[PDB]
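Next up: a single chain in structure tokens, the form deposited in one PDB entry.
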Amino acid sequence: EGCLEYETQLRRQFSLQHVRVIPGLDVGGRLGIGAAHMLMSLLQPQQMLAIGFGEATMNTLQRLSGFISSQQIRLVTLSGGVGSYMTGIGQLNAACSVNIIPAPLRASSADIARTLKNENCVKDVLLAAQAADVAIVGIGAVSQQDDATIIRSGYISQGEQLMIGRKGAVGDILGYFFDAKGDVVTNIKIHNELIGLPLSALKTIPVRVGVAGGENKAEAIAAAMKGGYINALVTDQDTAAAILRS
């Protein structure tokens, strides 16, 4: 009931292409339903879907697995890491096309990241990802602190997250952190250590869906939309309220 109005206002405040706002209070399971449903009406047969990692995207992929088979959707990873995509990929049948960047999410140095990005088998998948028809990503917030997936998964340290925060970052997509206005934070070393597509290349993809909730993400989700990284959103009612007031 209050969902339609919040959709409308989100669509107009952030110039979005599509929005779904789910009734408030479990939330992550219900976000995956909402995002799977949006993706079912967006994707045409044999189209390509680029995927990010995290709980909300993995949930979504589970609810979409039957659509993916019967419409022959091709999947491609937006980042390295492999293992982080397996909970969502394991829920598909084995005739599904899945193209996986064969590298770590983050290299121990920027030189090594650049080396890896130039290996043929990595470079091939980076291009495929950038060419996708639709993308589905999660959004992390600095305000989650130890509960953020990117920290639980060991990809950045606590000291890094404190400094990322100090430097004015509010949230991230695929390890790429941006400030409250949506601008990528430029003096953060991790950015040049990530193997996957940068957020500037992600914007090649014409429909880019963020799925994310919890009031603690509101600032990050707003900023993601202000930066243009996502042009469609799936979120929950309380978060929507919080974004609109942010």
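The term rigid core refers to the most C-alpha atoms you can superpose between the two forms while keeping them within 1.5 Å. Numbering starts at 1 and runs along the sequence shown. Residues that one form lacks are left out of the comparison.
Another form, the form deposited in another entry, is not on view; read the next lines as being about it.
- Taking the core as reference between the shown form and the other one, the lone member of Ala128, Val122, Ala110, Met86 whose Cα moves by 2 Å or more is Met86.
- Once you line up the core between the shown form and the other one, the Cα of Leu162 stays within less than 2 Å of where it was.
- Once both forms are fitted on their core, a CA shift of 2 Å or more is seen for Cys96 between the shown form and the other one.
- Here's the thing about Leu92 and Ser69: their CA atoms end up at least 3 Å closer in the other entry than they are in this form.
- In the other entry, the separation between the C-alpha atoms of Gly90 and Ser70 shrinks by 3 Å or more relative to the displayed form.
- Look at the core-aligned forms between the shown form and the other one and you find a single run of 3 or more residues with C-alpha shifts of 2 angstroms or more, at 86-96.
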